[PDB]
Amino acid sequence: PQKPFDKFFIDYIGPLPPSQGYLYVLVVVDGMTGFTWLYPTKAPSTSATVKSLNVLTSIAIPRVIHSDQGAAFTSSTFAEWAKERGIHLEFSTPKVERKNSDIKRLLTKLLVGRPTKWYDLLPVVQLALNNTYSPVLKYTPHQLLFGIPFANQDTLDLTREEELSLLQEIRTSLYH
Amino acid sequence: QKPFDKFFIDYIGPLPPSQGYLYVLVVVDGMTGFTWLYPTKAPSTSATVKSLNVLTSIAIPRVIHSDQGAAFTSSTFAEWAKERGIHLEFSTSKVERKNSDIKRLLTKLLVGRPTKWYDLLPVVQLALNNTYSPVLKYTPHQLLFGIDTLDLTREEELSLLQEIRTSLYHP
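Residues numbered from 1 in each chain as written, not as in the entry; some residues may be left out. Chains lettered and ligands numbered in written order. Heavy atoms only, no water. Residues with missing side-chain atoms left out of burial classes, pairs and counts.

Its PDB header attributes the entry to X-ray crystallography and lists the resolution as 2.00 Å.

The name given to chain B in the PDB entry is INTEGRASE, with Human spumaretrovirus as the source organism. For this structure, the PDB entry title reads "Human foamy virus integrase - catalytic core".

Chain A goes by INTEGRASE in the PDB entry, where it is assigned to Human spumaretrovirus.

Colleague: How do you make sense of the side chain of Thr131 of chain B when you look at a structure like this?
Modeller: Residue and element names in this part refer to chain B. Structurally, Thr131 can be placed in the loop between α5 (121–129) and α6 (140–145). What makes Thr131 buried here is its relative accessible area of 3%. Within the structure, the side chain of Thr131 is placed 2.6 Å from the backbone oxygen of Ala127, a separation counted as a polar contact. Among all residues touching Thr131, those that are not within four sequence positions of it are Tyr138, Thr139, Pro140, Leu150, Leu161, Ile164, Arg165, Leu168 and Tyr169. (Helix = DSSP H or I, 4+ residues; strand = E, 2+ residues; numbered from the N terminus. Buried < 20%, exposed > 50% of the residue type's maximum accessible area, 1.4 Å probe, protein only. Polar contact = N/O pair within 3.5 Å; in protein donor to acceptor, adjacent residues only side chain to side chain. Contact = heavy atoms within 4.5 Å.)

Colleague: Just to check I follow, could you spell out the layout of surface pockets for this structure?
Modeller: Over the atoms rolls a probe the size of a water molecule, and in doing so it shows where empty space is left. Roughly 840 Å³ of volume is contained in the second largest pocket. Around the second largest pocket sit 30 residues that line it, and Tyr22 and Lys51 of chain A together with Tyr21, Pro39 and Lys50 of chain B are the ones nearest its centre. Among the secondary structure elements, those contributing two or more residues to the lining of the second largest pocket are β3 (36–41) and α1 (46–56) of chain A together with β3 (35–40), α1 (45–55) and α5 of chain B. The greatest single-element share of the lining of the second largest pocket, amounting to six residues, is contributed by α1 of chain A. A breakdown of the residues in the lining of the second largest pocket according to their chemical character gives 17 nonpolar, nine polar and four charged. (1 Å grid on protein atoms, 1.4 Å probe; cavity = no way out; pocket = protein on both sides within 12 Å on 5 of 7 lines; lining within 4 Å. Points joined across faces, edges and corners; volume = space filled by probe spheres on them. Nonpolar A, V, L, I, M, F, W, Y, C, P; charged D, E, K, R; others polar.)

Colleague: Sorry, what's going on with the nonpolar core here?
Modeller: A general trend in soluble globular proteins is that nonpolar side chains are found buried together. Membership of the largest hydrophobic core comes to 83 residues, with the highest contact counts inside it found for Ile10, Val25, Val28, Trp37 and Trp118 of chain A together with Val27 and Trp36 of chain B. In terms of residue count, the dominant contributor to this core is helix α4 (residues 118–130) of chain A (nine residues). By size, the runner-up hydrophobic cluster in this structure holds 27 residues, among which are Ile12, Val26, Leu110 and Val124 of chain B. (Core = buried A, V, L, I, M, F, W, Y, C linked by side-chain atoms within 4.5 Å.)

Colleague: What is the right way to read the pattern of salt bridges from this model?
Modeller: Side-chain pairs of opposite charge can arise whenever the charged atoms involved come near each other. Counted by the stated rule, this structure contains 15 salt bridges over all chains. In this structure, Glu163 of chain A engages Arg84 of chain B in a salt bridge whose closest nitrogen and oxygen atoms are separated by 2.8 Å. Taken as a pair, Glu163 of chain A in helix α6 (residues 161–175) and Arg84 of chain B in helix α3 (residues 75–84) lie in two separate chains rather than in one. Considered together, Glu163 of chain A and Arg84 of chain B belong to a single accessibility category, that of buried residues. Its salt-bridge partner being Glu89 of chain B, residue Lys6 of chain B comes within 3.2 Å of it at the nearest N-O pair. Of the two residues, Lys6 of chain B sits in strand β1 (residues 6–12) while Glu89 of chain B sits in strand β5 (residues 87–90), which places them 83 residues apart along the sequence. On the basis of relative accessibility, which here comes to 23%, the residue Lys6 of chain B falls in the partly exposed class. Connected through shared salt-bridge partners, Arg114, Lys117, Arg160, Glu162 and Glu169 of chain A together with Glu83 of chain B make up one network. (Salt bridge = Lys/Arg side-chain N within 4 Å of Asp/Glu carboxyl O.)

This is the structure:
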């Protein structure tokens, strides 16, 4: 039966307006838990993908990485990286589905009136996604990954007005 | 005490350059002993903030503990911390000696690998967090994620495990 960190779904969102030089978000979604990692990058490149996944796979090495035919994932350099780590690459052909819809939508709404600030608020976006309940499942992505680290479970330890307000804004989009 | 209460941060390096990288930011969780490693090009406030933004996307730590390094005593880092709600404290305990031994072992591991330290960095982290330490009675990974993953076959990977195990278990 499927475990956390068994399978990753990866995608690039962007370009978004420049925000401290960043233009894209590498989205990583765990197959079993629904847990989302957001990595800001300057380009949707193999290079940025490898660096981000080297950080993530310092935790655990996935068996499978699934992605579309983006240039970052179909390169020989990305294929070589995966081969070295023993990871299989899966490519898409015509919980995880609705996860990526929600992120593009959340990041779009986040820009209104503060387009160059999405980079600063990205940690709060990830934090809200992983600590919000999904329709059919009984646990948050975070509960499922960490077993069922916060000093305050309501605010998720956020203290800054715009971040707390952001949490609220995201819960409203996810629950309504 | 819960995980993410207190982080201990520091830089190792400079190390022989590898595709531009020269430094490793070391973040150690006070309660679990879990270590996160991030390669950087400089021991800068900027690299530190980029790495910590990634980590604090998981949970916001109450306290970050560091030395007087330029990265950590800057006003930029003060502003970043105050905005996130994190108390910065600076050095002038079972938890303090554990973190010190992690740094010594890590330095030994990275310095001992002048041409490969960067490429092996994720393996350094995984092997360290998933090795039984007699001081913890668990692996750091178990203490973080809830109380085998080290089935690594490559020559450089077994060499890492062997060296960590020797350091921890030999009298």
